[PDB]
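What follows is a short report on a single structure.
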Amino acid sequence: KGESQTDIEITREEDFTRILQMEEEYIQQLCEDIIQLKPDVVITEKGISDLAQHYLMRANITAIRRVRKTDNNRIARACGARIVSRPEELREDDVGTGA
Amino acid sequence: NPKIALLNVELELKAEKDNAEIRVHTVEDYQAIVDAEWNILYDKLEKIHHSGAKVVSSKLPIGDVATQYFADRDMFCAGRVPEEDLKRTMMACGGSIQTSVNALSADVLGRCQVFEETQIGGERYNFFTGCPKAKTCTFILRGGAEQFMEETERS
Amino acid sequence: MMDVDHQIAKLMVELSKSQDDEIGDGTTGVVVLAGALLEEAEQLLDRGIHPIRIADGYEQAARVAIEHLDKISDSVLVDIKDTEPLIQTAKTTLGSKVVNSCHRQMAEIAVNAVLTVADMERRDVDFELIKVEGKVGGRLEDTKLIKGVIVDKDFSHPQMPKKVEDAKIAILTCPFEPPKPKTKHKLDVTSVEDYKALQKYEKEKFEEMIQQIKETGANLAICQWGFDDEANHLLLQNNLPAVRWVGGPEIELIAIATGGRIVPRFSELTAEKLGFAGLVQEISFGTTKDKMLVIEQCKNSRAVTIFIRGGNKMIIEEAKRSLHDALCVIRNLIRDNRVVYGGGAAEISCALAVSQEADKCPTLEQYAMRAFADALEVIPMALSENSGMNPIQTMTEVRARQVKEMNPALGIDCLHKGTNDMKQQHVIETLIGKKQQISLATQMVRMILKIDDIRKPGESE
Amino acid sequence: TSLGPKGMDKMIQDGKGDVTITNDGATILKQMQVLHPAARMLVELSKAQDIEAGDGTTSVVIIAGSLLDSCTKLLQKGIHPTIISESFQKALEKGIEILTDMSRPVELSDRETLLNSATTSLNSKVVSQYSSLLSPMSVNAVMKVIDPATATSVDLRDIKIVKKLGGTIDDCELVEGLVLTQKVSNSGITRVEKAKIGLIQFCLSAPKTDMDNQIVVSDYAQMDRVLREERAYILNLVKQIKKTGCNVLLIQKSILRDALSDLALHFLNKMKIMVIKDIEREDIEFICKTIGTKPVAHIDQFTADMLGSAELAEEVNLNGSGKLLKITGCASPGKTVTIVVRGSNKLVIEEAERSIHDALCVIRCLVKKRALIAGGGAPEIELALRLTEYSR
Amino acid sequence: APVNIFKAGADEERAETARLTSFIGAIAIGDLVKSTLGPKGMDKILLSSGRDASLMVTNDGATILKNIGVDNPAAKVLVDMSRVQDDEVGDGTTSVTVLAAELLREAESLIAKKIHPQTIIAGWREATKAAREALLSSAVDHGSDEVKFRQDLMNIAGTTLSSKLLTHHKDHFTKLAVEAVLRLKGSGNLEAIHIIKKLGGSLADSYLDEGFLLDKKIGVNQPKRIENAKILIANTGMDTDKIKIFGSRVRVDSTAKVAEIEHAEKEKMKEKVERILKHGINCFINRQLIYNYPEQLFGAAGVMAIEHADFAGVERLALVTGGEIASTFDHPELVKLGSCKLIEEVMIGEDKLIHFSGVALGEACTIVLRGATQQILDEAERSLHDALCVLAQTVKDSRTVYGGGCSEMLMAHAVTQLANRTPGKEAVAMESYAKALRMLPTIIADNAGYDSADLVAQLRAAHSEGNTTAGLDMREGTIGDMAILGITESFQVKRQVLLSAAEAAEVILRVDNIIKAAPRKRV
Amino acid sequence: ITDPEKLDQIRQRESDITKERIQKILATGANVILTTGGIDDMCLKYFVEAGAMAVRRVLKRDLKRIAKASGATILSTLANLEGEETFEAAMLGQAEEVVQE
Ligand SMILES: Nc1ncnc2c1ncn2[C@@H]1O[C@H](COP(=O)(O)OP(=O)(O)O)[C@@H](O)[C@H]1O
Ligand SMILES: Nc1ncnc2c1ncn2[C@@H]1O[C@H](COP(=O)(O)OP(=O)(O)O)[C@@H](O)[C@H]1O
Ligand SMILES: Nc1ncnc2c1ncn2[C@@H]1O[C@H](COP(=O)(O)OP(=O)(O)O)[C@@H](O)[C@H]1O
Ligand SMILES: [Mg+2]
Ligand SMILES: [Mg+2]
Ligand SMILES: [Mg+2]
């Protein structure tokens, strides 16, 4: 849920099935943005849904789910990565090569 | 020779389905909603009318609007009747309890001969009498104490 | 109003309550009679008689008292001009209360209050049409029978006229406001043209609800709910007095007393649904701010209102209970037009009927019938005790005179009025009043004689 | 022991824990809370002396405590109390005629006569050593707000007393302008000369109505039309204020919605405008009479005619308990004044506030009746000798 | 019922302690307020145990009995009897309490004489009927010749205020009470005479205002005095209206439309004030509160604005200025405006009040009570309320009787003359009724300290042969003529003392059983 | 919302308006950013990528002593005569060295 007072008025029949498809397409949008750099290990601090695990499965990506904040700052110095908080703003310098 | 209309509907102005939000945009359509809420209740009273049903019985309450409508049309009503009494009333007059007022006809209304409201024991009682096809009865007990009539009911 | 935690005495409370709900005149005498049947059964219990055998003997003895009570009974009430048997019947009920200062005035109030509201075709009297109101101040002689209704007048404008000579009463049940629906609306306003449409909607609504009353020719309005401040000044500009916040059954009495109809909306107002009334005014009582409604003139009303005044609230709440017993004995005359003669005259005559049939035959229940006749003499000998006389001296004189000749209406009184003839002293009681005094006291004795165990608990906790 | 210049003060500690030092007889009896029903009537006697005269309030208990004490021997001599009440009225009607012959008719134009009257009431208080400053300030605070030789009444609610902790009683001031205890947001300027003060009762915030108002957002660019139109709304309010020509704004304290938002504060700081918040609704009568401003409710009527004027409107950064505002000089000043009371402790300021009110009430009695008598037990001896000869 | 008691926590008594507790509890009520009867009687000071005790001195017998809270069951009948006497006529609440207690004290003397209690009721009903004819035949009517009726009204207020705290103020407070009801010129509403109590000053400094006083002073930047103004009052909402449509919101799409709605809201509030000033007025009184947006509109037009006076404050202004409430402003030709001369503000006790000096059709008054303490002002307000209520009914019923003990000896003479024409069963109860009527001048005579055993004996010897106007002179302590001294009371006040005490003593004497129930939360 | 196609454009707008202010206060040469409010985890990415120091939740009394001593202007919002995002970049503070020891 976003940080607002978002409420949708569903009047037609096709509107409820469209919202549940836009929730699936939003996960596919951010999963397509992180595979443009061709990674191997995706490590985050928050939850990963099953739809996000589906795109990383066929792309052969090992995902770790709930690593701590203090452990993410420690692996950022060991592998040379940069902790990003935006999947569509990923760059080639944010990938921790050399591990 | 009255006719009894056994109902399971509310005769109040505030009959709400508890999920309706009537969003209006202008003041010309705002008055049309309030006129429609009276026209919903008055259409139900016209279905009870023009059928001979001078006596109205319903287990659901009747507001001040439908009470004054039957007083002007010289009709009697009785709201908040218990469900055990309406089941006995259905077998007495030989009618049927109609929840929807749109299907009212001569085959669903009752028929009796004497219908009065007496003053037995101080409290009023609306008694039905005269129907020959009566598959039920009512035994009114009169005693001098509440424990006296409970023993008389147990006996 | 007692705190008696005794299950035998609790049945005496429901016995006096059952007499009040059915007849409502002998609630005091039905408890002394029930205690008299049990006192005579105490000496019969020591002789070895079974308690059900005493109870079966009281049923055969009370049956003689019912058939003997229907011997002399006649009334000539026609509710037109022969109200003289109706006034003297109500004086017997009001003679024992504290309204003996108004013994002739208040007795005529309860007679005319019943006959104007009773349906003589069905012989049914409805006490919802008789409103009994009370206000402190004045005296007991200021109690008047107001043909109409008496409500608390709540004129929202202080400059309203306090006297209407000819009132075309417009009874309505809609509050003076823009019409609010019963459901959730959440009306949306988008532009400034919709907000200016909100001002013209309410300005024309208050001019529509005022003009629809004036087009019917009405000059008085009754409303169940409240008024708006904008609607208050429109009443004064159009010369339309109106009251505010009247109760539920109060406006139901206005439409019967004035002959009008209660209208739900403002659009259904017409000249046929208006009520007719005469002097409509409010009367201030001393230094208070009540200003009750007084309706002097009417036209064939079927609803009256008795306004009881007094010196304190103790004399008013008792007069509400005293006059209610006077309204019940007139109701019992329409249900049954047969009367008896009180003052202990009917109890002595019924005691002689059980003693004559105790010897026809004295097989088993001879002692049970003589205990019934000795207990029927407790009610006239209690009148001799309260009047300063002697019980056994006065009762032996009256009972012997009914055997030596044909039994007249022979009782007693306090000042004794000269002779002891109840027909000349006009002590008249209803037949079904004393018929239910013997019937209810016998059945309550049977339920307290046919009990041989008590299973009460001990302490409260 | 609390009467006269050689009297000592009393300290009453209540059940809450707020112990105050008081010498005035009205303030002592209201804090003692006597449980006797006859002694509570003597508390209300000193209360009405503070209302009518203001400077009679220990002496009304000494008289009424001795008039009943003289009735001890009268009730033990067979005299009915109705006879004592008849004779006390005859001694009262003869008592005013003795005090009227001792009175000297004075005029309010003589400052030396009014100075000796205010110095007499201060000799019994703790400020008797400060009578060289407080007693001249008590006369000038009255004779400039009464408009004399035209009226026989004076309201003491037009004289505000500000209690601030710090310094000594010699640091008191008689500033004729407005003194506010609120802070300045933002406090980057805190000084403006030739200031024009305006009282604003409008709320400089987001637009909202008395009716329920909601914003419908159902578009991508509709979120841009919410924030940027709210910035352009309050910019039209600040530029309407800035084009008027005022430099000091006084915003009334709003309870329903926010009076001054953070967006409205940033535009008023760039226009070099001193803003003061949290002005109470009961204090706007004293502001408009002192400076000469008018209460502006709607922004369309905010013109230059409803503004005030001030030669100096600065926030005096005090060394003691914070800081306050002080407006110095205004065109056409009203009949209001403000007295700033200092003190080393919180108990001395509460006594100095009651002693100043006992000094302003002395000059209040000279407006109603322009007559005075000798003090220091002088008229009590003449009331004792003339009524003794009247009793013979 | 005491033997084999079938009650849980309730007790009762029959004919032994029933009349014993009824006669003890009723005499002790009458002996309490016995010292407050007459022009020389003392007053009481009422106090509580604590927790905002709020001491209230009263001499009137109704205010004493309504605050004591008697636990006796039969004593509550006499407490409720004096409550109706204050609400109906407003005077004689002390006289009806002593008279109802002296009847039961004489009825306690008939306990040992073995008189039946129903004989005493029948003996007192004939005694009360003989006492009604004594007051009705001795009532003095006043029709025309109004210079004798205004002199008769000053004797009514002089008799009522003589038994109160206003003893040596009859030269002033009689004129404050007669002229207050005389300025009503109609019905006795008893609310147009607004009494304002202010501390400071003596009772001689009190006065009757020629106009009207009010609070909630005139705005912020509005004029304080307007000469020859037209007063228009109102009972309408000024700002934050939320006008009568419950369930109406402002659903817009952008914040620029909210600025257009709130400007349209202030334009309709400005147009409402523009409809008010089309009448051509200079003063405005609203019963509701006036906020800042219409207050600037009245100040710019030079119009006063009195906000939130009172709910009953607009009623007194409508009776003192001759206008109407006028809660709707859409017809200036159908709204009647008030009239005044000066709306200057006066200062009474360091408080600025709005003085409506020089009003036309002023059927309302304002009494400015000034006293030494708050206890005197609370007593003088109830003392003036006991004087204005009798004069509001003396103008409705002009029949007056001679008070000061003269009316009680006329009533006691008619009972004693008919007590000798009765048999001995009821004649003893009628003699006890006449002895209780003679106790009412005996309490007045003994409260001053006079010889009450001889003055009532001189009144009984005077009324036995002529002297229908002979009464008790409390000034010198002798017997004088009541028509010369001018000590008169109203007929309806003296009738309600006789009639309500005879009805209340009838109830308590007929009680033979006091069955009190078990109280709640009392252990 | 009445159309499901306009759902993701509103959800992305809550961060695009946020990142719009963070790019125009950072491209003008600002390296040290002090904030008395709160900087969440999404906004911390734009300072690590650009190589800037961002200090959050500082005291209001400490910000006034820094801005007066370094010549910075205590800004609360957007301003300067109906501008979208101007920030008045000539009113930035100066420092010789900002070092966390
Ligand atoms: N004038 C009279 N003479 C003789 N007896 C009377 C007279 N008036 C009333 N009574 C008697 O007083 C009794 C009062 O009974 P009451 O207590 O009213 O009964 P209830 O409690 O059922 O109303 C009556 O039974 C009647 O016989
Ligand atoms: N300089 C002085 N010399 C002698 N007596 C003084 C002097 N100053 C004040 N007093 C006396 O001190 C008394 C103070 O009375 P005070 O307590 O102020 O009365 P109140 O309580 O009514 O204000 C006065 O009665 C006055 O006679
Ligand atoms: N000037 C007078 N001369 C003689 N008697 C007086 C005079 N003034 C008052 N009284 C008597 O004092 C009594 C006061 O009664 P009061 O306590 O006022 O009764 P209530 O409490 O019912 O008003 C009156 O009954 C009256 O007869
Ligand atoms: Mg009876
Ligand atoms: Mg002093
Ligand atoms: Mg009196």
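Each chain in the structure tokens gets a letter, A, B and so on, in the order shown; residues start at 1 in every chain, and ligands are counted from 1 in the order they appear.
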Requested in this report: Within 10 Å of chain D, which residues of chain C are there when counting only C-alpha atoms? Please give them as a list in words.
Outcome: residues 186, 188, 189 and 190 of chain C
I need the residues from that last selection saved to file as a compact mmCIF listing (two decimals), in the first residue's frame (with N, CA and C atoms), if you can.
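result_2.txt was written with the following content:
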# COMPACT_ATOMS: atom_id res chain seq x y z
N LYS C 186 -24.18 12.09 1.17
CA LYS C 186 -22.91 12.75 0.86
C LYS C 186 -22.99 13.51 -0.47
N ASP C 188 -22.50 16.03 -3.35
CA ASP C 188 -21.26 16.60 -3.86
C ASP C 188 -21.51 18.00 -4.43
N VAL C 189 -20.65 18.94 -4.07
CA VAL C 189 -20.66 20.29 -4.62
C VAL C 189 -19.35 20.49 -5.37
N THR C 190 -19.44 20.87 -6.64
CA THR C 190 -18.28 20.95 -7.51
C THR C 190 -17.91 22.39 -7.85
Requested in this report: Fewer than 6 positions away in the same chain doesn't count, so skip those; otherwise give me all residues within 9 Å of residue B:102, counting only C-alpha atoms, as a ChimeraX atom specification.
Outcome: /B:44,47-48
Requested in this report: May I have all residues of stretch 4-88 of chain F that DSSP, computed from the backbone, assigns to strand (DSSP E), given as number ranges by chain?
Outcome: F: 32-35, 53-56
Report task. Could the residues that lie within 8 Å of ligand 3, counting only C-alpha atoms and all ligand atoms, be listed as a PyMOL selection string? Result -> chain E and resi 36-39+59-62+82+85-86+90-97+158-164+386+403-407+440-441+444+471-475+486-487+489+493+497
Write out, as a compact mmCIF listing (two decimals), in the first residue's frame, the residues just selected, with N, CA and C atoms.
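Result saved to out_2.txt:
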# COMPACT_ATOMS: atom_id res chain seq x y z
N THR E 36 -38.85 33.03 62.01
CA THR E 36 -38.71 33.86 60.82
C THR E 36 -40.02 34.50 60.39
N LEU E 37 -41.06 34.39 61.20
CA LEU E 37 -42.38 34.93 60.87
C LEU E 37 -42.58 36.27 61.55
N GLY E 38 -43.04 37.26 60.78
CA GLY E 38 -43.33 38.57 61.30
C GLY E 38 -42.33 39.62 60.86
N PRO E 39 -42.64 40.89 61.12
CA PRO E 39 -41.71 41.98 60.77
C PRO E 39 -40.52 42.14 61.70
N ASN E 59 -34.81 34.18 54.44
CA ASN E 59 -35.87 34.33 55.43
C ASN E 59 -37.18 33.71 54.96
N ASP E 60 -37.37 33.56 53.65
CA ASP E 60 -38.57 32.94 53.12
C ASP E 60 -38.60 31.45 53.45
N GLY E 61 -39.77 30.97 53.87
CA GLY E 61 -39.90 29.61 54.35
C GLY E 61 -39.78 28.54 53.28
N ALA E 62 -39.97 28.91 52.01
CA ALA E 62 -39.84 27.92 50.95
C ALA E 62 -38.38 27.59 50.67
N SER E 82 -44.97 24.26 50.93
CA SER E 82 -44.39 25.58 50.80
C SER E 82 -43.75 25.81 49.43
N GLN E 85 -46.63 27.10 47.32
CA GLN E 85 -46.97 28.46 47.74
C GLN E 85 -46.01 29.49 47.17
N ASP E 86 -44.74 29.12 46.97
CA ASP E 86 -43.80 30.03 46.33
C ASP E 86 -44.02 30.10 44.83
N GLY E 90 -46.08 33.28 45.61
CA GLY E 90 -44.79 33.83 45.95
C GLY E 90 -44.67 34.44 47.32
N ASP E 91 -45.67 34.25 48.19
CA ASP E 91 -45.63 34.80 49.53
C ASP E 91 -46.46 33.92 50.45
N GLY E 92 -46.19 34.01 51.74
CA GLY E 92 -46.90 33.21 52.71
C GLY E 92 -46.40 31.79 52.83
N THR E 93 -45.19 31.50 52.34
CA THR E 93 -44.63 30.17 52.49
C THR E 93 -44.24 29.88 53.94
N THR E 94 -43.85 30.92 54.68
CA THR E 94 -43.62 30.76 56.11
C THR E 94 -44.92 30.71 56.89
N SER E 95 -45.93 31.48 56.46
CA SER E 95 -47.20 31.51 57.17
C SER E 95 -48.00 30.23 56.96
N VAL E 96 -47.85 29.58 55.81
CA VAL E 96 -48.55 28.32 55.57
C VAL E 96 -47.85 27.16 56.26
N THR E 97 -46.59 27.32 56.65
CA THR E 97 -45.87 26.24 57.32
C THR E 97 -46.17 26.23 58.82
N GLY E 158 -45.07 47.25 51.08
CA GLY E 158 -44.56 47.62 52.39
C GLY E 158 -44.77 46.54 53.43
N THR E 159 -45.79 45.71 53.25
CA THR E 159 -46.05 44.62 54.18
C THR E 159 -45.15 43.42 53.89
N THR E 160 -44.86 43.17 52.62
CA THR E 160 -44.04 42.02 52.25
C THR E 160 -42.57 42.25 52.58
N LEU E 161 -42.06 43.45 52.30
CA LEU E 161 -40.65 43.76 52.54
C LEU E 161 -40.35 44.05 54.01
N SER E 162 -41.37 44.18 54.86
CA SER E 162 -41.12 44.44 56.27
C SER E 162 -40.65 43.19 57.00
N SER E 163 -41.00 42.00 56.49
CA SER E 163 -40.59 40.74 57.09
C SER E 163 -39.32 40.18 56.46
N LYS E 164 -38.53 41.02 55.79
CA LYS E 164 -37.32 40.57 55.12
C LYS E 164 -36.12 41.39 55.57
N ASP E 386 -40.12 37.96 46.22
CA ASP E 386 -41.33 37.76 47.01
C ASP E 386 -42.24 38.98 47.02
N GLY E 403 -53.97 42.69 56.63
CA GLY E 403 -53.03 41.77 57.23
C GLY E 403 -52.59 42.22 58.61
N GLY E 404 -51.45 41.69 59.04
CA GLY E 404 -50.92 42.01 60.35
C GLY E 404 -51.71 41.42 61.49
N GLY E 405 -52.25 40.21 61.32
CA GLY E 405 -53.06 39.58 62.33
C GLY E 405 -54.53 39.90 62.27
N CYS E 406 -54.93 40.89 61.47
CA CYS E 406 -56.34 41.24 61.37
C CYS E 406 -57.13 40.21 60.56
N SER E 407 -56.51 39.63 59.53
CA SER E 407 -57.20 38.63 58.73
C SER E 407 -57.35 37.31 59.47
N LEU E 440 -51.17 32.47 64.65
CA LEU E 440 -50.45 33.25 63.66
C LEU E 440 -50.23 34.72 64.05
N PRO E 441 -51.16 35.42 64.72
CA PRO E 441 -50.76 36.69 65.35
C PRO E 441 -49.98 36.52 66.65
N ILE E 444 -46.22 36.34 65.60
CA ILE E 444 -45.76 37.67 65.20
C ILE E 444 -45.55 38.56 66.42
N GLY E 471 -56.17 45.26 64.06
CA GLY E 471 -55.08 44.31 63.95
C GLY E 471 -53.95 44.58 64.92
N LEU E 472 -52.80 43.96 64.68
CA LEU E 472 -51.64 44.09 65.55
C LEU E 472 -50.71 45.17 65.02
N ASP E 473 -50.37 46.13 65.89
CA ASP E 473 -49.45 47.21 65.54
C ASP E 473 -48.07 46.83 66.06
N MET E 474 -47.18 46.43 65.15
CA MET E 474 -45.84 46.03 65.53
C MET E 474 -44.88 47.21 65.68
N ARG E 475 -45.33 48.43 65.38
CA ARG E 475 -44.46 49.59 65.50
C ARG E 475 -44.31 50.01 66.96
N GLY E 486 -52.17 51.20 57.20
CA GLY E 486 -51.88 50.75 55.85
C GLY E 486 -51.13 49.44 55.80
N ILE E 487 -51.59 48.46 56.57
CA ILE E 487 -50.99 47.13 56.56
C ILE E 487 -51.99 46.17 55.93
N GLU E 489 -52.68 42.92 52.88
CA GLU E 489 -52.15 41.85 52.06
C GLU E 489 -53.17 41.49 50.99
N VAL E 493 -53.24 35.66 48.35
CA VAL E 493 -52.15 35.19 49.18
C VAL E 493 -52.69 34.62 50.49
N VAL E 497 -52.83 30.61 51.99
CA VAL E 497 -52.31 30.22 53.29
C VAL E 497 -53.34 29.38 54.04
At most 8 Å from ligand 5 (only C-alpha atoms and all ligand atoms): residue list as a PDB file with N, CA, C and O atoms, in the first residue's frame:
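Generated output (part35.pdb):
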ATOM      1  N   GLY D   4      -1.529  49.305  58.206  1.00  0.00           N
ATOM      2  CA  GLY D   4      -0.684  50.459  58.386  1.00  0.00           C
ATOM      3  C   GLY D   4       0.676  50.285  57.742  1.00  0.00           C
ATOM      4  O   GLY D   4       1.017  49.207  57.244  1.00  0.00           O
ATOM      5  N   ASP D  24      -2.646  42.749  51.266  1.00  0.00           N
ATOM      6  CA  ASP D  24      -3.984  43.296  51.093  1.00  0.00           C
ATOM      7  C   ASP D  24      -5.011  42.384  51.752  1.00  0.00           C
ATOM      8  O   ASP D  24      -4.937  41.158  51.638  1.00  0.00           O
ATOM      9  N   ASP D  55      -9.079  50.188  47.881  1.00  0.00           N
ATOM     10  CA  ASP D  55      -8.074  50.440  48.908  1.00  0.00           C
ATOM     11  C   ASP D  55      -8.663  50.340  50.312  1.00  0.00           C
ATOM     12  O   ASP D  55      -8.098  50.867  51.271  1.00  0.00           O
ATOM     13  N   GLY D  56      -9.800  49.662  50.427  1.00  0.00           N
ATOM     14  CA  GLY D  56     -10.432  49.443  51.715  1.00  0.00           C
ATOM     15  C   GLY D  56     -10.649  47.969  51.997  1.00  0.00           C
ATOM     16  O   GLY D  56     -11.782  47.520  52.167  1.00  0.00           O
ATOM     17  N   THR D  57      -9.604  47.397  52.479  1.00  0.00           N
ATOM     18  CA  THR D  57      -9.949  46.093  52.620  1.00  0.00           C
ATOM     19  C   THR D  57      -9.410  45.353  53.625  1.00  0.00           C
ATOM     20  O   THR D  57      -9.921  44.410  53.860  1.00  0.00           O
ATOM     21  N   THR D 120       0.585  57.001  49.669  1.00  0.00           N
ATOM     22  CA  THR D 120       0.061  56.564  50.959  1.00  0.00           C
ATOM     23  C   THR D 120      -0.306  55.084  50.938  1.00  0.00           C
ATOM     24  O   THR D 120      -0.026  54.355  51.897  1.00  0.00           O
ATOM     25  N   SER D 121      -0.912  54.618  49.843  1.00  0.00           N
ATOM     26  CA  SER D 121      -1.302  53.217  49.744  1.00  0.00           C
ATOM     27  C   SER D 121      -0.108  52.291  49.547  1.00  0.00           C
ATOM     28  O   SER D 121      -0.222  51.092  49.819  1.00  0.00           O
ATOM     29  N   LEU D 122       1.024  52.814  49.083  1.00  0.00           N
ATOM     30  CA  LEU D 122       2.220  52.007  48.890  1.00  0.00           C
ATOM     31  C   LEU D 122       3.082  51.903  50.141  1.00  0.00           C
ATOM     32  O   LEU D 122       4.015  51.095  50.160  1.00  0.00           O
ATOM     33  N   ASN D 123       2.795  52.692  51.180  1.00  0.00           N
ATOM     34  CA  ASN D 123       3.592  52.641  52.402  1.00  0.00           C
ATOM     35  C   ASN D 123       3.346  51.374  53.208  1.00  0.00           C
ATOM     36  O   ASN D 123       4.211  50.980  53.998  1.00  0.00           O
ATOM     37  N   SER D 124       2.195  50.730  53.031  1.00  0.00           N
ATOM     38  CA  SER D 124       1.873  49.511  53.758  1.00  0.00           C
ATOM     39  C   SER D 124       2.347  48.249  53.049  1.00  0.00           C
ATOM     40  O   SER D 124       2.315  47.172  53.653  1.00  0.00           O
ATOM     41  N   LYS D 125       2.787  48.353  51.801  1.00  0.00           N
ATOM     42  CA  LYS D 125       3.146  47.198  50.998  1.00  0.00           C
ATOM     43  C   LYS D 125       4.661  47.001  51.003  1.00  0.00           C
ATOM     44  O   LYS D 125       5.401  47.691  51.711  1.00  0.00           O
ATOM     45  N   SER D 355      -0.030  45.543  44.838  1.00  0.00           N
ATOM     46  CA  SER D 355       0.247  46.872  45.368  1.00  0.00           C
ATOM     47  C   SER D 355       0.046  47.957  44.319  1.00  0.00           C
ATOM     48  O   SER D 355      -0.329  49.083  44.664  1.00  0.00           O
ATOM     49  N   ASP D 358      -3.637  48.366  44.136  1.00  0.00           N
ATOM     50  CA  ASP D 358      -4.065  49.164  45.278  1.00  0.00           C
ATOM     51  C   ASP D 358      -3.691  50.632  45.122  1.00  0.00           C
ATOM     52  O   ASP D 358      -4.303  51.486  45.771  1.00  0.00           O
ATOM     53  N   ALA D 359      -2.705  50.944  44.280  1.00  0.00           N
ATOM     54  CA  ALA D 359      -2.338  52.327  44.005  1.00  0.00           C
ATOM     55  C   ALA D 359      -3.173  52.946  42.893  1.00  0.00           C
ATOM     56  O   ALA D 359      -3.462  54.147  42.944  1.00  0.00           O
TER      57      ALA D 359
END
Report task. Please provide as an MDAnalysis selection string all residues within 12 Å of residue D:163, with the sequence filter that same-chain residues fewer than 5 positions apart are discarded (counting only C-alpha atoms). Result -> chainID D and resid 169 172:173 179:181 320:321 323:324 338:354 356
Report task. Write down as number ranges by chain the residues of stretch 116-337 of chain D whose backbone DSSP state falls under helix (DSSP H, G or I). Result -> D: 116-122, 126-130, 134-143, 156-158, 169-171, 224-242, 262-270, 284-290, 299-301, 304-306
Report task. Kindly give the distance, in Å, that separates atom CA of residue F:12 and atom CA of residue F:58, rounded to a single decimal. Result ->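 Separating atom CA of residue F:12 from atom CA of residue F:58 is a distance of 29.0 Å.
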Query raised in the report: Which protein, DNA or RNA residues have an atom within 6 Å of ligand 4, counting only C-alpha atoms and all ligand atoms, as a list in words?
Result: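 Counting only what the definition allows, namely only C-alpha atoms and all ligand atoms, the set is residues 25, 93, 94 and 96 of chain C.
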Those residues you just picked out, can you put them in a file as a PDB file, in the first residue's frame with C-alpha atoms?
ATOM      1  CA  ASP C  25     -62.927  -0.496  42.748  1.00  0.00           C
ATOM      2  CA  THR C  93     -66.154   5.139  44.914  1.00  0.00           C
ATOM      3  CA  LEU C  94     -65.013   8.711  45.628  1.00  0.00           C
ATOM      4  CA  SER C  96     -63.710   6.741  50.646  1.00  0.00           C
TER       5      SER C  96
END
**Report entry** Close residues, residue D:374 itself excluded, 9 Å, only C-alpha atoms, min 5 positions apart in chain, as a count of residues only
**Finding:** 3
Requested in this report: Hey, list the chain D side of the contact with chain E: 6 Å cut-off, only C-alpha atoms, answer as JSON, numbers by chain.
Outcome: {"D": [44, 45, 48, 52, 207, 209, 210, 212, 213, 214, 215, 216, 226, 285, 297]}
**Report entry** Residues within 12 Å of residue F:92, only C-alpha atoms, excluding chain neighbours under 6 positions, as an MDAnalysis selection string
**Finding:** chainID F and resid 25:26 28:34 66:68 70:75
